[PDB]
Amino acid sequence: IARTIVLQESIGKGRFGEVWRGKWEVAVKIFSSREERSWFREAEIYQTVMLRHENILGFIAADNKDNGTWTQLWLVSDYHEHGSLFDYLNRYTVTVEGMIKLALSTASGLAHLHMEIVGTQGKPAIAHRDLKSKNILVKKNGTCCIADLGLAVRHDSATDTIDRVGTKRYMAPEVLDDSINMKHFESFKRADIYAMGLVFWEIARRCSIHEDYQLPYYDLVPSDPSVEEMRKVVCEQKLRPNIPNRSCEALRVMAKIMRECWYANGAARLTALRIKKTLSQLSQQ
């Protein structure tokens, strides 16, 4: 695997690890030996039984590569020329149909992650914990696939047990004020929903008349905001990304979804499955 891959271009970096475009085209994330725990954990999540799905980054393999001086810890995946949704939305505007495709595919991927699949070759429910436009990738066919599962948590339904991290800007209210129950898997699922809502906001702005690209809370917090800065806005002032006045039926549906993803109480939010259904219906209309 790694033995026969030739790196060609530096294309980014994760929380840990540098991302490269290589030829085996494939994407490669390289970690140093001191980052073994992060490398292993993400490898572990990607190797979960029945995890593969069209809206989840396609994992190829985890490997080691000794260059003669030091050993590199590798994770290899499919390569998508468009890269992140973040980059995609900055570079282009989208049609109503394109917006629906991006939102539906993301929701379909999160629903798959959240969904426990019962059976001999079953899949446990999984919560992402760091969903953002920067780790969702856009495929050539206009659909998304979710990446970086290194902070994910897996649920054992038989015992309701699992096996402050994350991107500040996208942290759920309960995470920002630390009221979230770290022992309650469902709470992590709900927190993902809040984040996906913000992502939907980023996409809707680009649906073209249209708004320029912006990260959520762009006009309320500084870049690389701290937990406190976020908490004051989201928890104390209780603000959420602004919903433009103009409206289209599709955009109206999106906005409603957003609002229902932004409740301070996770238990009040919509589920990924419900969002997928609603988006599916809209796509048909």
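Note that the rigid core is defined as the largest set of C-alphas that superpose within 1.5 Å between two forms. The first residue of the shown sequence is 1; numbering continues from there.
- Relative to the displayed structure, the C-alphas of 28 to 36 lie farther away on average in 5 other deposited structures of this protein than those of the other candidate, with 250 to 258 and 28 to 36 compared after rigid core superposition.
- With 68 to 76 and 108 to 116 as candidates, the stretch whose CA atoms show the greater average offset from this form in 5 other deposited structures of this protein after a core fit is 68 to 76.
- Unmodelled residues of the deposited sequence between neighbouring positions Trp24 and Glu25 number 1 to 3.
- Unmodelled deposited residues between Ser208 and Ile209: 1 to 3, per the record.
- Mean C-alpha B-factor is higher over 170 to 178 than over the other stretch, the pair under comparison being 170 to 178 and 192 to 200.
- Just going by the entry, 225 to 233 versus 60 to 68 on mean CA temperature factor gives the higher value to 225 to 233.
- Considering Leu73, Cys144, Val165, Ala125 together, the PDB entry gives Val165 the largest C-alpha B factor.
- By the numbers in the PDB entry, the CA B factor is greatest at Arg259 among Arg52, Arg34, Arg41, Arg259.
- Placement of the Cα temperature factor of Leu89 within the chain: middle third of the modelled residues, per the deposited record.
- In the deposited entry, the Cα temperature factor of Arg154 sits in the middle third of values across the chain's modelled residues.
- In the deposited entry, the Cα temperature factor of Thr161 places it in the highest third of its chain's modelled residues.
- In the PDB entry, a CA B factor belonging to the middle third of its chain's modelled residues is recorded for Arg240.
- Sort the chain's modelled residues by C-alpha temperature factor and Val253 lands in the highest third, per the entry.
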